[PDB]
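Notes follow the structure.
Number of protein chains: 2
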Amino acid sequence: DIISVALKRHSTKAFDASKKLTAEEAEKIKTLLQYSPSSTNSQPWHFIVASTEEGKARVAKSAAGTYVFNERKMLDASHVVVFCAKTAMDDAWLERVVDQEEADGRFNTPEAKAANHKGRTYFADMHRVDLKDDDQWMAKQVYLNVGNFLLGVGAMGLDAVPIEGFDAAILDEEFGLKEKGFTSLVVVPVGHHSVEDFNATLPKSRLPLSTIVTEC
Amino acid sequence: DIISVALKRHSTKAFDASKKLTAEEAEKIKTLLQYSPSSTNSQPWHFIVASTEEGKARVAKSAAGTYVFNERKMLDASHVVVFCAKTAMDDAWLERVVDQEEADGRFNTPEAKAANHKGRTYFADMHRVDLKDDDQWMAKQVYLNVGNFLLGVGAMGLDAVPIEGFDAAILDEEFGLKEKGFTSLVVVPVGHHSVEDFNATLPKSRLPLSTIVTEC
Ligand SMILES: Cc1cc2nc3c(=O)[nH]c(=O)nc-3n(C[C@H](O)[C@H](O)[C@H](O)COP(=O)(O)O)c2cc1C
Ligand SMILES: Cc1cc2nc3c(=O)[nH]c(=O)nc-3n(C[C@H](O)[C@H](O)[C@H](O)COP(=O)(O)O)c2cc1C
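So the sequences go chain by chain: A and B.
If you want full-length UniProt numbering, it's the position in the first sequence, counting the first as 1, plus 1.
If you want full-length UniProt numbering, it's the position in the second sequence, counting the first as 1, plus 1.
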């Protein structure tokens with residue numbers, strides 16, 4: 002029951018450094034990252050999936066100073082996913098998206114593909130040209146991916162914890178994302194919580210529906 | 002299997018206007034909106050859940066002109082959720098969150114509550130003062146909620162379609178959101194797709210893992 006999952010999944014505060022994801026689970030979390038929806042199927046993202054001790058150590062460089070209290074989560078987890086967004090929407094990327102859709106058989110005619118491309122470009126330009134906010138627009142799609150991911154891993158019976166408490170400048174530099182056209186937004190360690198993960202047993206807390214929801 | 006859900010859910014292009022969510026399902030989608038995680042559990046959001054004909058018609062007003070291709074989705078779906086983000090992070094809201102967590106028994110000691118309050122304040126301020134980007138920060142949390150929601154309704158066997166193709170200015174004005182301290186970001190009609198939903202049978206398309214994922 003997905004509703005039970007939502008009422009049960011939690012932000013892991015401690016991971017068992019001995020429990021690793023199975024090969025199948027590792028394949029599945031990558032599938033979750035890949036198949037998340039996005040505006041115009043723009044998929045303005047890239048993901049770093051660190052599973053080796055060296056890889057996790059590189060990501061952990063971002064848990065410096067003020068963020069040092071997040072270091073252990075990044076080091077003890079089985080797999081650590083760094084969610085990155087494109088820094089600018091280039092035509093090259095838009096072309097890749099529409100060409101992939103054609104390859105997957107989503108268009109019944111060439112005109113249909115051209116129309117899809119025109120439309121995606123039209124909305125991309127709305128952000129790139131008019132609003133000048135394509136960077137924030139794409140970052141938003143990445144957070145949506147994070148939302149999809151957290152519930153998905155929870156539904157897999159796996160533990161995870163979303164992290165904004167990291168130095169993105171440091172992380173970007175460590176992986177040369179700037180030069181690749183990406184920037185890190187959220188770090189998500191995934192694995193199995195340890196017995197010491199006190200947050201696994203604390204009740205979930207949210208504001209009441211009477212405050213957050215308006216029915217019409 | 003949640004992975005089968007991710008590989009099967011799709012953006013509904015046509016809903017069967019006669020199929021409504023059951024009372025239980027209507028309560029469950031609200032639970033999904035409410036329990037989505039967010040940075041510091043800030044829950045910087047508000048949701049309009051329109052299920053009456055006039056309610057949906059009012060939301061549909063935002064799908065005028067260029068966006069008319071999204072009008073029928075909003076009108077025919079059973080429940081249409083308008084995802085809104087707060088326009089500014091006020092101290093009262095921050096206090097509400099910690100006080101709610103205290104009320105929910107998440108703090109065994111006063112020191113525990115203090116640590117939580119300290120942490121939230123530090124990062125809320127980082128965005129409200131240091132970066133002056135709390136509007137974008139909260140919007141990001143709302144998109145995360147959307148990602149959680151789409152996968153959730155999918156796992157419930159319900160159809161939906163996320164929508165950015167609407168005039169937020171019109172929608173905000175229609176529901177007097179600005180005066181209430183909110184702004185609309187994404188509209189999500191939820192229901193059951195009709196056999197005329199061309200996207201229900203089209204293959205899902207995403208760029209290859211070799212392009213979007215880096216393993217370390
Ligand atoms: C934030 C967001 C906004 C979107 N807006 C629209 C919209 O206005 N109309 C529409 O038909 N689809 C819309 N889409 C659906 C995308 O085209 C879709 O998610 C993508 O092509 C991948 O297909 P899927 O959702 O079937 O997996 C939106 C998706 C997201 C995630
Ligand atoms: C974008 C985002 C960033 C977050 N960052 C951190 C972090 O840096 N460290 C941490 O321990 N928890 C972090 N959290 C966890 C929140 O405190 C948590 O999601 C929230 O309190 C609700 O509790 P839940 O996830 O157990 O349901 C983050 C959550 C989100 C959604």
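Positions of the beta carbon are idealized from the N, C-alpha and C atoms, including for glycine.
Are the beta-carbon atoms of residue i and residue j separated by less than 8 Å?
i	j	result
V187/A	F70/A	no
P163/B	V189/B	yes
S39/A	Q137/A	no
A61/A	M75/A	yes
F48/B	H194/B	no
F150/B	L22/B	no
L208/B	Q101/A	yes
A51/B	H80/B	yes
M157/A	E72/A	no
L203/B	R107/A	yes
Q44/B	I213/A	yes
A201/B	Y36/A	no
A169/B	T13/B	no
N42/B	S5/A	no
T215/A	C217/B	no
Quick check: the Cα distance between residue i and residue j, rounded to an integer number of angstroms?
i	j	result
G155/A	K9/A	8 Å
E55/B	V147/B	24 Å
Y123/A	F199/B	22 Å
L95/B	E112/B	17 Å
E174/B	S63/B	10 Å
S19/A	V99/B	34 Å
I3/A	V82/B	19 Å
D105/A	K114/A	12 Å
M127/B	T67/A	12 Å
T110/B	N117/B	11 Å
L210/B	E103/B	43 Å
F167/B	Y144/B	16 Å
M139/A	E165/B	13 Å
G153/A	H11/B	16 Å
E197/A	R121/B	23 Å
residue 219/A	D91/A	Here chain A comprises residues numbered 2 to 217, so residue 219/A is not present and cannot be evaluated.
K119/B	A125/B	10 Å
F176/A	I171/B	42 Å
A78/A	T32/A	19 Å
residue 244/A	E28/A	Residue 244/A lies beyond the stretch modelled for chain A, which goes from 2 to 217, so this question has no answer here.
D135/B	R97/B	17 Å
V130/B	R129/A	27 Å
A93/A	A24/A	33 Å
Name the chain E residues whose beta carbon is nearer than 8 Å to that of residue i?
i	result
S5/A	The structure shown contains no chain E; its protein chains are A and B.
The segment 183–200 of chain A touching the segment 83–103 of chain A, judged by at least three CB pairs closer than 8 Å: yes
Against chain B: residues of the segment 26–43 of chain A by CB proximity under 8 Å: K29, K31, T32, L33, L34, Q35, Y36, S37, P38, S40 and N42
Positions along the segment 148–166 of chain B whose CB lies within less than 7 Å of some CB in chain A: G148, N149, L151, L152, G153, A156, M157, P163 and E165
Proximal residues, the segment 195–206 of chain B versus chain A, C-beta separation under 8 Å: The residues in question are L203, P204, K205 and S206.
Against chain A: residues of the segment 100–115 of chain B by CB proximity under 7 Å: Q101, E102, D105, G106 and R107
Members of the segment 40–64 of chain A near chain B, C-beta cut-off 9 Å: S40, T41, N42, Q44, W46, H47, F48, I49, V50, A51, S52, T53, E55, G56, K57, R59 and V60
Interface positions of the segment 62–81 of chain A facing chain B (Cβ-Cβ less than 7 Å), listed along the chain: none
Near-chain A residues of the segment 168–185 of chain B - C-beta to any C-beta below 7 Å: none
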